[PDB]
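Colleague:
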Ligand SMILES: Oc1ccc(Cl)cc1O
Ligand SMILES: Oc1ccc(Cl)cc1O
Ligand SMILES: [Fe+3]
Ligand SMILES: [Fe+3]
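Residue numbers (PDB author numbering), protein chains in the order written: chain A, 24 to 280; chain A', 24 to 280. A prime marks a further copy of an entry chain.
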């Protein structure tokens, strides 16, 4: 039951700008009646396909985080995306993310670092909620065949704010091509792809949490993210060990609540 | 199964402008995350309530007709609205619109005029599709209690392009306040009202049809139409007879197909 405290005055100004802007694009490009019928049917399709969270997060949410970005001094944020789930099972500072026997076959990714405040003091009782896709680009709880907490966890950072999280390296994400979001994209010759990414919500007692994503230097779609959610500050350059595992360190800087 | 011949190049440019514009409004007004969740839930509600045609026609379609307005030299057009139905039963040049025993109690409106071309030559085989709401502001086929062609007809203009159509005078229209469209309006202190109006599609053999609406001089909401669909060229000034009926004449000027 979602709410916001927006005064009628504010909404009216937003509505005026949003609707005026759309209406101007129509006048600009000479949007015809047949094209208008196509837009109306496609908005119906979007909701009938359950793709409002998907369409909105891909095309709109980057600007919402960009707003929040201004008011923030810590680690760069990025969009949540639609694939977040609360209360993923807790795990200790040093852990391995829950995975299938399939996932065990993929080159491992060892993610290390520390949660700290703005001055660099480590934070006790910090939490790292991590979620990402498997090598097949699917999310648990958004794929029937997967264990419901595959590659999802609540990492409990130690008394010093540190974690050593062993996972696999995520595959790039492709947005279902079959639906209206993918229809919108195929019809303009765009591409339905996101670079490979880790999702992280990072919290601490008395701190303003951070929702962020982490990408990979080599990675494809790196310079053409369809959700426009990539920032260079969030690109990891993992180095590979003689065990053949990929090793990366990244620290989280939380703002005060 | 609705389609348009829009090249990927065009859609991409439209998409770029539409999405950029929205994204700018977000950056402009500092659209927060809670407000974003409210917008996402409301887009889901709109489609779940079957109010995409309603929301679009009220807030977007005026600009689509404004485009078509440029390419046209005949009678001013206006939006279709969501309440149009094809194949309304035919009636002769001089007729009375189908109505209930209730409607017979309302002051009658006698609508007369002629369908002509750009030079003022009358057009044989011209059709006047007329639809409007009853004094209770409901449309037939969008209200269970009404006969399915209440205040809907296909008037067959005579060999000379003339019609004398007796109906009642429509009541102002109020957009359902209970749904997401009305929620969007109540939440900004807007008003959910349209001035009283007749709907007309006017066609002739070899002519580009006209979808238009006709309003009434005294009428309330006349200068504040929520669908922004009012034009001064479409305001009727009916004069009343000694039978106590309201009499108005209006001619349709069709463009060539
Ligand atoms: O995996 C994802 C797919 C689409 C979006 Cl918008 C965000 C994601 O995080
Ligand atoms: O009766 C009507 C109600 C709403 C709209 Cl947008 C148009 C109409 O014609
Ligand atoms: Fe993702
Ligand atoms: Fe109407």
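Every residue gets a Cβ at the ideal spot worked out from N, C-alpha and C, and that includes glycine.
The alpha helix (DSSP H) that contains residue 19 of chain A, what's its start and end?
Modeller: Residue numbering for chain A in the displayed model covers 24 to 280; residue 19 of chain A lies beyond these limits and cannot be assessed.
Colleague: For residue 86 of chain A, is the classification buried or exposed, using 16 other Cβ atoms within 10 angstroms of its Cβ as the cut-off for buried?
Modeller: Result: buried.
Colleague: Indicate whether at least one CB of chain A lies closer than 8 Å to the CB of residue 64 of chain A'.
Modeller: Judged by the 8 Å Cβ criterion, residue 64 of chain A' is in contact with chain A.
Colleague: Identify the continuous alpha helix (DSSP H) that holds residue 222 of chain A' and give its terminal residues.
Modeller: Element bounds for residue 222 of chain A': not the alpha helix (DSSP H) but the beta strand (DSSP E), 221-226.
Colleague: Given 7 Å as the limit, tell me if residue 54 of chain A has its C-beta closer than that to any heavy atom belonging to ligand 2.
Modeller: No, the Cβ of residue 54 of chain A stays beyond 7 Å of every heavy atom of ligand 2.
Colleague: Cβ of residue 74 of chain A less than 8 Å from any chain A' Cβ?
Modeller: No, its Cβ sits nowhere closer than 8 Å to a Cβ of chain A'.
Colleague: Do we get a CB-CB distance below 8 Å when we pair residue 34 of chain A' with the residues of chain A?
Modeller: Closer than 8 Å to some Cβ of chain A, the Cβ of residue 34 of chain A' qualifies, so yes.
Colleague: Output needed in chain order: residues of the stretch 188-212 of chain A with a Cβ under 8 Å from some Cβ in chain A'.
Modeller: From the stretch 188-212 of chain A, only 207, 210, 211, 212 have a Cβ closer than 8 Å to chain A'.
Colleague: Give, in chain order, every residue of the stretch 48-62 of chain A' whose Cβ lies closer than 9 Å to some Cβ of chain A.
Modeller: Going along the stretch 48-62 of chain A' in chain order, one finds 48, 49, 50, 51, 52, 53, 54, 55, 56, 57, 58, 59, 60, 61, 62 with a Cβ nearer than 9 Å to chain A.
Colleague: Report the rounded CA-to-CA distance for residue 81 of chain A versus residue 68 of chain A', giving the unit in angstroms.
Modeller: If I take the Cα positions, the gap works out to 20 Å.
Colleague: Does the distance between the C-beta of residue 104 of chain A and the nearest non-hydrogen atom of ligand 3 fall short of 7 Å?
Modeller: Yes, the Cβ of residue 104 of chain A comes within 7 Å of a heavy atom of ligand 3.
Colleague: Secondary structure at residue 154 of chain A', three-state DSSP: helix, strand or coil?
Modeller: Here residue 154 of chain A' sits in strand by DSSP.
Colleague: Could you say which of A:72, A:59, A:180, A:49 lies nearest to residue 118 of chain A if we only look at CA atoms?
Modeller: It is A:180.
Colleague: Do residue 300 of chain A' and residue 99 of chain A' have their CB atoms nearer than 8 Å?
Modeller: No answer is possible for residue 300 of chain A': the residues shown for chain A' start at 24 and end at 280.
Colleague: Is residue 205 of chain A helix, strand or coil when you go by DSSP?
Modeller: Helix.
Colleague: Less than 8 Å between CB atoms is the rule here; does residue 233 of chain A' satisfy it with respect to chain A?
Modeller: No, its Cβ sits nowhere closer than 8 Å to a Cβ of chain A.
Colleague: Following the continuous beta strand (DSSP E) through residue 117 of chain A', name the residue where it begins and the one where it ends.
Modeller: 117-119 is the span of the beta strand (DSSP E), which, as asked, contains residue 117 of chain A'.
Colleague: Apply the 10 Å Cβ neighbour rule to residue 265 of chain A' and answer buried if 16 or more other Cβ atoms are within range, or exposed otherwise.
Modeller: It counts as exposed.
Colleague: Could you check what DSSP says for residue 64 of chain A' in three-state terms: helix, strand or coil?
Modeller: Reduced to three states, the DSSP call for residue 64 of chain A' is helix.
Colleague: Give the range of the alpha helix (DSSP H) segment to which residue 143 of chain A is assigned.
Modeller: Here residue 143 of chain A belongs to no alpha helix (DSSP H), and DSSP marks it neither H nor E.
Colleague: In chain order, what residues of the same chain lie with their CB nearer than 7 Å to the CB of residue 243 of chain A', ignoring the 5 residues before and after it?
Modeller: The answer, listed in chain order, is 195, 218.
Colleague: From the DSSP secondary-structure annotation, give me the bridge partner or partners of residue 278 of chain A.
Modeller: Note: residue 278 of chain A sits in a beta bridge opposite A:231.
Colleague: Helix, strand or coil: how does DSSP classify residue 216 of chain A' here?
Modeller: Three-state result, residue 216 of chain A': strand.
Colleague: Excluding the 5 residues flanking residue 164 of chain A on each side, which residues of the same chain have their C-beta closer than 7 Å to its C-beta?
Modeller: So the qualifying residues of the chain are 108, 171.
Colleague: Return the CA-CA distance between residue 37 of chain A' and residue 198 of chain A, expressed in angstroms with no decimal places.
Modeller: Spanning the two alpha carbons is a distance of roughly 21 Å.
Colleague: When you measure from the CB of residue 238 of chain A' to every non-hydrogen atom of ligand 4, does any distance come out below 7 Å?
Modeller: False, no ligand heavy atom lies under 7 Å from that Cβ.
Colleague: May I ask which residues mark the beginning and end of the beta strand (DSSP E) holding residue 179 of chain A'?
Modeller: Run containing residue 179 of chain A': 175-179, per the beta strand (DSSP E) assignment.
Colleague: Which bits of chain A' does residue 31 of chain A rub up against, with CB to CB less than 8 Å?
Modeller: Ordered by position in chain A', the residues that pass the 8 Å Cβ test against residue 31 of chain A are 210, 211, 212.
Colleague: When burial is assigned at 16 or more other CB atoms within 10 Å of the CB, is residue 111 of chain A' buried or exposed?
Modeller: The residue in question, residue 111 of chain A', is buried, as its Cβ has 16 or more Cβ neighbours within 10 Å.
Colleague: Name the residues in the stretch 107-141 of chain A' whose C-beta lies less than 7 Å from a C-beta of chain A; which are they?
Modeller: So the list is empty, because no residue satisfies the distance condition.
Colleague: State the DSSP-derived secondary structure class of residue 78 of chain A', mapped to helix, strand or coil.
Modeller: Residue state, collapsed to three classes: helix.
Colleague: Based on Cα-Cα distance, which residue from A':178, A':97, A':88 lies nearest to residue 113 of chain A'?
Modeller: It is A':178 whose Cα lies nearest to the Cα of residue 113 of chain A'.
Colleague: What is the rounded straight-line gap between the Cα of residue 158 of chain A' and the Cα of residue 59 of chain A?
Modeller: Their Cα atoms are separated by approximately 31 Å.
Colleague: Run down chain A in chain order and give the residues with a C-beta less than 8 Å from the C-beta of residue 71 of chain A'.
Modeller: Per Cβ cutoff of 8 Å: 70.
Colleague: Is the beta carbon of residue 269 of chain A' less than 8 Å from the beta carbon of residue 61 of chain A'?
Modeller: Taking 8 Å as the Cβ cut-off, residue 269 of chain A' and residue 61 of chain A' do not qualify as a contacting pair.
Colleague: If I measure Cβ to Cβ from residue 149 of chain A and keep anything under 6 Å in the same chain, skipping five residues before and after, which residues do I get?
Modeller: Excluding positions up to five away in sequence, the list reads 138, 180, 184, 227.
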